[PDB]
Amino acid sequence: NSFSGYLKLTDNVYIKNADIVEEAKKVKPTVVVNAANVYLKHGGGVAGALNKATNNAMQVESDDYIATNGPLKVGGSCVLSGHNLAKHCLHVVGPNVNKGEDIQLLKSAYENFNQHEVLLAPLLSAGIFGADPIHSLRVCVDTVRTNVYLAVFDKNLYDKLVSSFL
Ligand SMILES: CC(C)[C@H](CO)Nc1ncnc2[nH]ccc12
Ligand SMILES: [Cl-]
C-alpha cells in the first residue's frame, strides 16, 4: 500500500509521527478512523481537525446521522463518508477518562477496527480524551488483528511510544 515512512511495531501495527489529517490528505486511505464522541460533535482534537479539513461536511453528515439513529455507544462506531480525506470514516468512541468512563471499554472500541482490512487511525481515548497513550497503544496491539497505521501528531509522545514499546 501507499503508506510511507511508518515504523513497524508488530506483524500488523505500524506508527508514524504525523497529523492524521495530513496523512489522510496524502494517502486517501480506504478508511480513516475518527476519535469520535457519542454525539458526533467534532469540536477539537482529532475530530475537530478532521472535520475542519472537510470544510464542516463531516459535521453536517454527522448531524443527520444522529437525527436518524441517535447517539453511539461508548465503545461503538459507525461508518460514514470520508469526504475529501478517505473513502470512509470509521467514527469510533473510546471512553473519556476525564468524564469517568470505563477504561475497559477501550478494548471494545478497538475491536471495531477488525471489521476493516486496513485503517489509518489515531490512538483512541488518548489526547483530549484523557487516557494514557502508552496504554492505548498496548490495547491496540493486543486487540486489532487487521493492518493499522497509527499517526501520532506530538513528536515527544511519538518518541516515548516507540522507545517504551518492546
Ligand atoms: C490522540 C493523541 C494521542 C495524538 C497526540 O498527538 N493526537 C493526534 N494524533 C494525530 N493526529 C492528530 N490530529 C489532531 C490531533 C492528533
Ligand atoms: Cl487529541
# chains A, B, ... in the order shown; residues from 1 in each chain; ligands from 1
>>> residues_around(residues="residue 12 in chain A", least_positions_apart="5", cutoff="10 Å", atoms="only C-alpha atoms", output="count of residues only")
8
>>> residues_around(residues="range 86-94 of chain A", least_positions_apart="2", cutoff="10 Å", atoms="only C-alpha atoms", output="compact mmCIF listing (two decimals) with N, CA and C atoms, in the first residue's frame")
# COMPACT_ATOMS: atom_id res chain seq x y z
N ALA A 24 -4.06 11.55 5.88
CA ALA A 24 -5.25 11.22 5.09
C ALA A 24 -5.23 11.97 3.77
N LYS A 25 -4.88 13.26 3.80
CA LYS A 25 -4.81 14.04 2.57
C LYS A 25 -3.79 13.46 1.59
N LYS A 26 -2.69 12.92 2.10
CA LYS A 26 -1.63 12.38 1.25
C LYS A 26 -1.99 11.00 0.70
N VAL A 27 -2.54 10.13 1.55
CA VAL A 27 -2.73 8.72 1.20
C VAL A 27 -4.12 8.44 0.62
N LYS A 28 -5.13 9.19 1.03
CA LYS A 28 -6.52 8.91 0.67
C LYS A 28 -6.88 7.46 0.98
N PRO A 29 -6.73 7.04 2.24
CA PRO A 29 -6.94 5.63 2.57
C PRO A 29 -8.39 5.23 2.41
N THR A 30 -8.61 3.92 2.30
CA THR A 30 -9.97 3.40 2.28
C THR A 30 -10.72 3.77 3.55
N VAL A 31 -10.05 3.71 4.70
CA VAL A 31 -10.68 4.01 5.99
C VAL A 31 -9.75 4.90 6.82
N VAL A 32 -10.25 6.06 7.25
CA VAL A 32 -9.63 6.84 8.31
C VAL A 32 -10.52 6.73 9.54
N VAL A 33 -9.90 6.51 10.70
CA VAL A 33 -10.62 6.45 11.96
C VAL A 33 -10.68 7.83 12.59
N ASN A 34 -11.87 8.22 13.03
CA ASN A 34 -12.05 9.40 13.86
C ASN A 34 -12.19 9.01 15.33
N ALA A 35 -11.57 9.81 16.20
CA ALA A 35 -11.73 9.72 17.65
C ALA A 35 -12.99 10.51 18.03
N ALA A 36 -14.13 9.85 17.87
CA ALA A 36 -15.44 10.47 17.99
C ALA A 36 -15.96 10.42 19.43
N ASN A 37 -16.97 11.25 19.70
CA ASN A 37 -17.79 11.12 20.89
C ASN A 37 -19.19 10.64 20.49
N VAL A 38 -20.01 10.30 21.50
CA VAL A 38 -21.27 9.63 21.21
C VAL A 38 -22.23 10.50 20.41
N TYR A 39 -22.09 11.83 20.49
CA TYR A 39 -22.95 12.77 19.78
C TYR A 39 -22.39 13.18 18.42
N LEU A 40 -21.23 12.65 18.05
CA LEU A 40 -20.54 13.03 16.82
C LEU A 40 -20.40 14.55 16.70
N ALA A 47 -10.93 14.83 16.08
CA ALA A 47 -12.22 15.00 15.41
C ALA A 47 -12.39 16.42 14.88
N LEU A 50 -10.06 16.73 11.79
CA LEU A 50 -10.59 16.06 10.61
C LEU A 50 -11.78 16.84 10.05
N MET A 58 -18.15 16.85 7.29
CA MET A 58 -18.26 15.75 8.24
C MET A 58 -19.29 16.04 9.32
N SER A 62 -22.77 14.10 10.01
CA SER A 62 -22.91 13.51 11.33
C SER A 62 -24.20 13.94 12.01
N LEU A 72 -24.23 7.22 19.42
CA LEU A 72 -23.48 5.98 19.51
C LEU A 72 -23.40 5.55 20.98
N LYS A 73 -22.85 4.35 21.18
CA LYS A 73 -22.45 3.84 22.48
C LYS A 73 -20.96 4.11 22.69
N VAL A 74 -20.55 4.34 23.94
CA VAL A 74 -19.12 4.31 24.25
C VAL A 74 -18.61 2.90 23.96
N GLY A 75 -17.54 2.80 23.18
CA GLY A 75 -17.06 1.53 22.66
C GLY A 75 -17.57 1.20 21.27
N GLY A 76 -18.55 1.96 20.77
CA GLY A 76 -19.18 1.69 19.49
C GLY A 76 -18.61 2.53 18.35
N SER A 77 -19.24 2.37 17.18
CA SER A 77 -18.75 3.01 15.98
C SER A 77 -19.85 3.11 14.94
N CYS A 78 -19.61 3.96 13.94
CA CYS A 78 -20.39 3.94 12.71
C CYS A 78 -19.48 4.30 11.54
N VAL A 79 -19.86 3.83 10.35
CA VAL A 79 -19.16 4.14 9.11
C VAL A 79 -19.91 5.25 8.39
N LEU A 80 -19.22 6.35 8.11
CA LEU A 80 -19.75 7.46 7.33
C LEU A 80 -18.76 7.77 6.21
N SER A 81 -19.07 8.80 5.43
CA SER A 81 -18.18 9.17 4.34
C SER A 81 -16.84 9.67 4.87
N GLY A 82 -15.78 9.43 4.09
CA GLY A 82 -14.50 10.05 4.33
C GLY A 82 -14.31 11.38 3.65
N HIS A 83 -15.31 11.84 2.90
CA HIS A 83 -15.27 13.16 2.27
C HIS A 83 -14.01 13.26 1.41
N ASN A 84 -13.26 14.35 1.50
CA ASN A 84 -12.06 14.58 0.73
C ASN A 84 -10.84 13.89 1.31
N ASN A 96 -13.90 8.30 27.60
CA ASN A 96 -13.30 9.55 28.01
C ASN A 96 -13.01 9.46 29.51
N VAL A 97 -11.72 9.41 29.84
CA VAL A 97 -11.28 9.24 31.22
C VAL A 97 -11.55 10.49 32.04
N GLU A 101 -15.35 7.55 32.34
CA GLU A 101 -15.86 6.41 31.59
C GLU A 101 -14.94 5.20 31.72
N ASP A 102 -15.53 4.01 31.69
CA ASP A 102 -14.87 2.73 31.96
C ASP A 102 -13.74 2.47 30.96
N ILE A 103 -12.49 2.49 31.43
CA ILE A 103 -11.35 2.30 30.53
C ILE A 103 -11.37 0.93 29.87
N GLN A 104 -12.06 -0.04 30.48
CA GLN A 104 -12.19 -1.36 29.87
C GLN A 104 -12.87 -1.28 28.51
N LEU A 105 -13.69 -0.24 28.29
CA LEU A 105 -14.36 -0.07 27.01
C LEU A 105 -13.39 0.28 25.90
N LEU A 106 -12.13 0.59 26.21
CA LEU A 106 -11.16 0.87 25.16
C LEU A 106 -10.93 -0.36 24.29
N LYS A 107 -10.91 -1.55 24.89
CA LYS A 107 -10.76 -2.76 24.08
C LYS A 107 -11.94 -2.91 23.13
N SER A 108 -13.16 -2.71 23.62
CA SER A 108 -14.34 -2.77 22.76
C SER A 108 -14.24 -1.77 21.61
N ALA A 109 -13.75 -0.57 21.90
CA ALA A 109 -13.59 0.43 20.86
C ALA A 109 -12.64 -0.05 19.77
N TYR A 110 -11.48 -0.58 20.16
CA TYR A 110 -10.52 -1.06 19.17
C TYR A 110 -11.05 -2.26 18.38
N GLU A 111 -11.94 -3.08 18.96
CA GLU A 111 -12.48 -4.22 18.22
C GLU A 111 -13.16 -3.79 16.93
N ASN A 112 -13.71 -2.57 16.88
CA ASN A 112 -14.33 -2.10 15.65
C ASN A 112 -13.35 -2.10 14.49
N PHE A 113 -12.05 -1.91 14.76
CA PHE A 113 -11.08 -1.88 13.67
C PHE A 113 -11.01 -3.21 12.93
N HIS A 116 -12.31 -3.99 9.29
CA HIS A 116 -11.69 -3.31 8.16
C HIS A 116 -10.28 -3.83 7.96
N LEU A 119 -6.52 0.31 8.01
CA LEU A 119 -7.01 1.59 8.53
C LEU A 119 -5.85 2.52 8.84
N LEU A 120 -6.10 3.82 8.64
CA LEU A 120 -5.31 4.91 9.21
C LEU A 120 -6.03 5.38 10.47
N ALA A 121 -5.33 5.47 11.60
CA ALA A 121 -6.02 5.68 12.86
C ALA A 121 -5.19 6.49 13.83
N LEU A 123 -4.57 7.16 18.22
CA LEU A 123 -4.70 6.43 19.47
C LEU A 123 -6.01 6.78 20.16
N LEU A 124 -6.90 5.80 20.28
CA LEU A 124 -8.19 6.02 20.91
C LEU A 124 -8.03 6.28 22.40
N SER A 125 -8.91 7.14 22.91
CA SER A 125 -9.00 7.53 24.31
C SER A 125 -7.85 8.39 24.82
N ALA A 126 -6.80 8.56 24.03
CA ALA A 126 -5.68 9.41 24.39
C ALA A 126 -5.95 10.84 23.91
N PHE A 129 -9.11 12.98 25.22
CA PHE A 129 -9.96 12.03 25.91
C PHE A 129 -9.37 11.55 27.24
N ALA A 131 -6.90 9.44 28.47
CA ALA A 131 -6.25 8.19 28.84
C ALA A 131 -4.76 8.25 28.53
N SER A 136 -3.09 3.02 25.55
CA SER A 136 -3.89 2.91 24.33
C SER A 136 -3.15 2.13 23.24
>>> residues_around(residues="residue 42 in chain A", least_positions_apart="6", cutoff="8 Å", atoms="only C-alpha atoms", output="PyMOL selection string")
chain A and resi 36+48+51+59
>>> write_last_selection(atoms="N, CA, C and O atoms", output="compact mmCIF listing (two decimals), in the first residue's frame")
# COMPACT_ATOMS: atom_id res chain seq x y z
N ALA A 36 -14.13 9.85 17.87
CA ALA A 36 -15.44 10.47 17.99
C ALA A 36 -15.96 10.42 19.43
O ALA A 36 -15.49 9.64 20.27
N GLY A 48 -12.05 17.42 15.69
CA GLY A 48 -12.14 18.79 15.22
C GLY A 48 -11.22 19.06 14.04
O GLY A 48 -11.59 19.78 13.11
N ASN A 51 -12.69 17.26 10.93
CA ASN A 51 -13.88 17.94 10.43
C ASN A 51 -13.51 19.25 9.74
O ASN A 51 -14.06 19.58 8.69
N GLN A 59 -19.30 17.25 9.86
CA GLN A 59 -20.27 17.61 10.89
C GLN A 59 -21.69 17.60 10.36
O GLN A 59 -22.60 17.11 11.04
>>> residues_near_ligand(ligand="ligand 1", cutoff="6 Å", atoms="only C-alpha atoms and all ligand atoms", output="short mmCIF file (atom, residue, chain, number, x, y, z; two decimals) with N, CA and C atoms, in the first residue's frame")
data_model
loop_
_atom_site.label_atom_id
_atom_site.label_comp_id
_atom_site.auth_asym_id
_atom_site.auth_seq_id
_atom_site.Cartn_x
_atom_site.Cartn_y
_atom_site.Cartn_z
N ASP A 19 0.41 14.37 11.64
CA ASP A 19 -1.01 14.70 11.82
C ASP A 19 -1.83 13.74 10.97
N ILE A 20 -2.79 13.06 11.60
CA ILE A 20 -3.65 12.14 10.85
C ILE A 20 -4.33 12.84 9.68
N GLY A 45 -9.36 18.31 19.04
CA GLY A 45 -8.56 17.12 18.92
C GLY A 45 -8.61 16.57 17.51
N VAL A 46 -8.44 15.25 17.40
CA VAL A 46 -8.50 14.58 16.11
C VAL A 46 -9.80 14.91 15.38
N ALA A 49 -10.03 18.46 14.06
CA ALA A 49 -9.08 18.63 12.97
C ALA A 49 -9.57 17.96 11.69
N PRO A 122 -5.85 7.15 14.79
CA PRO A 122 -5.19 7.75 15.95
C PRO A 122 -5.24 6.77 17.13
N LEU A 123 -4.57 7.16 18.22
CA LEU A 123 -4.70 6.43 19.47
C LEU A 123 -6.01 6.78 20.16
N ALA A 126 -6.80 8.56 24.03
CA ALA A 126 -5.68 9.41 24.39
C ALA A 126 -5.95 10.84 23.91
N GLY A 127 -4.92 11.69 23.93
CA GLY A 127 -5.17 13.09 23.61
C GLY A 127 -6.17 13.69 24.57
N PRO A 133 -1.64 7.40 26.62
CA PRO A 133 -1.39 6.92 25.26
C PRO A 133 -0.57 5.64 25.20
N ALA A 151 -1.07 7.27 13.28
CA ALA A 151 -0.45 8.58 13.15
C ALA A 151 -0.55 9.27 14.50
N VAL A 152 0.58 9.74 15.02
CA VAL A 152 0.66 10.46 16.28
C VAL A 152 1.30 11.82 16.01
N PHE A 153 0.56 12.90 16.30
CA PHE A 153 0.96 14.25 15.92
C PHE A 153 2.10 14.77 16.79
N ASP A 154 2.08 14.46 18.08
CA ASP A 154 3.05 15.01 19.04
C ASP A 154 4.36 14.22 18.97
#
>>> closest_residue(among="A:70, A:5, A:44, A:100", to="ligand 2", atoms="only C-alpha atoms and all ligand atoms")
A:44
>>> select_by_dssp(residues="range 28-163 of chain A", states="alpha helix (DSSP H)", output="NGL selection string")
:A and (45-53 or 57-69 or 105-111 or 133-143 or 155-163)
>>> atom_distance(atom1="CA of residue 157 in chain A", atom2="CA of residue 132 in chain A")
10.7 Å
>>> atom_distance(atom1="CA of residue 53 in chain A", atom2="CA of residue 41 in chain A")
14.9 Å
>>> closest_residue(among="A:85, A:143, A:61, A:1", to="residue 23 in chain A", atoms="only C-alpha atoms")
A:85
>>> residues_around(residues="residue 10 in chain A", least_positions_apart="3", cutoff="10 Å", atoms="only C-alpha atoms", output="PyMOL selection string")
chain A and resi 7+13-15+141+147+166
>>> atom_distance(atom1="CA of residue 165 in chain A", atom2="CA of residue 98 in chain A")
25.1 Å
>>> closest_residue(among="A:128, A:99, A:64, A:142", to="ligand 2", atoms="only C-alpha atoms and all ligand atoms")
A:128
>>> select_by_dssp(residues="range 13-64 of chain A", states="strand (DSSP E)", output="PyMOL selection string")
chain A and resi 13-17+31-36
>>> decode(residues="range 55-79 of chain A", atoms="N, CA and C atoms", output="CSV table (one decimal), in the first residue's frame")
chain,number,residue,atom,x,y,z
A,55,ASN,N,-14.1,21.0,5.6
A,55,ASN,CA,-14.9,22.2,5.5
A,55,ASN,C,-16.3,22.1,6.2
A,56,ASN,N,-16.3,21.3,7.3
A,56,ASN,CA,-17.5,21.1,8.1
A,56,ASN,C,-18.5,20.1,7.4
A,57,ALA,N,-18.2,19.5,6.3
A,57,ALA,CA,-19.1,18.5,5.7
A,57,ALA,C,-19.2,17.3,6.6
A,58,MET,N,-18.2,16.9,7.3
A,58,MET,CA,-18.3,15.7,8.2
A,58,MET,C,-19.3,16.0,9.3
A,59,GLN,N,-19.3,17.3,9.9
A,59,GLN,CA,-20.3,17.6,10.9
A,59,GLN,C,-21.7,17.6,10.4
A,60,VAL,N,-21.9,18.1,9.2
A,60,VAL,CA,-23.3,18.2,8.6
A,60,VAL,C,-23.8,16.8,8.4
A,61,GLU,N,-23.0,15.9,7.9
A,61,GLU,CA,-23.3,14.5,7.7
A,61,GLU,C,-23.6,13.8,9.0
A,62,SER,N,-22.8,14.1,10.0
A,62,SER,CA,-22.9,13.5,11.3
A,62,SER,C,-24.2,13.9,12.0
A,63,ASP,N,-24.6,15.2,11.8
A,63,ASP,CA,-25.8,15.7,12.5
A,63,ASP,C,-27.0,15.0,11.9
A,64,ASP,N,-27.0,14.7,10.6
A,64,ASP,CA,-28.1,13.9,10.0
A,64,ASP,C,-28.1,12.4,10.6
A,65,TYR,N,-26.9,11.9,10.7
A,65,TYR,CA,-26.8,10.5,11.3
A,65,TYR,C,-27.4,10.5,12.7
A,66,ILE,N,-27.1,11.4,13.5
A,66,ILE,CA,-27.6,11.4,14.9
A,66,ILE,C,-29.1,11.7,14.9
A,67,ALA,N,-29.6,12.6,14.0
A,67,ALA,CA,-31.0,12.8,14.0
A,67,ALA,C,-31.8,11.6,13.6
A,68,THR,N,-31.2,10.7,12.7
A,68,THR,CA,-31.9,9.5,12.3
A,68,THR,C,-31.7,8.3,13.4
A,69,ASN,N,-30.5,8.2,13.9
A,69,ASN,CA,-30.1,7.0,14.6
A,69,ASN,C,-29.9,7.2,16.1
A,70,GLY,N,-29.8,8.4,16.6
A,70,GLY,CA,-29.5,8.6,18.0
A,70,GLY,C,-28.0,8.4,18.2
A,71,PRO,N,-27.5,8.7,19.5
A,71,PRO,CA,-26.1,8.6,19.8
A,71,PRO,C,-25.5,7.3,19.6
A,72,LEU,N,-24.2,7.2,19.4
A,72,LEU,CA,-23.5,6.0,19.5
A,72,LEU,C,-23.4,5.6,21.0
A,73,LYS,N,-22.9,4.3,21.2
A,73,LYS,CA,-22.4,3.8,22.5
A,73,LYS,C,-21.0,4.1,22.7
A,74,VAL,N,-20.5,4.3,23.9
A,74,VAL,CA,-19.1,4.3,24.2
A,74,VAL,C,-18.6,2.9,24.0
A,75,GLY,N,-17.5,2.8,23.2
A,75,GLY,CA,-17.1,1.5,22.7
A,75,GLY,C,-17.6,1.2,21.3
A,76,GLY,N,-18.6,2.0,20.8
A,76,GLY,CA,-19.2,1.7,19.5
A,76,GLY,C,-18.6,2.5,18.4
A,77,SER,N,-19.2,2.4,17.2
A,77,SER,CA,-18.7,3.0,16.0
A,77,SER,C,-19.9,3.1,14.9
A,78,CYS,N,-19.6,4.0,13.9
A,78,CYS,CA,-20.4,3.9,12.7
A,78,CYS,C,-19.5,4.3,11.5
A,79,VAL,N,-19.9,3.8,10.4
A,79,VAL,CA,-19.2,4.1,9.1
A,79,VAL,C,-19.9,5.3,8.4
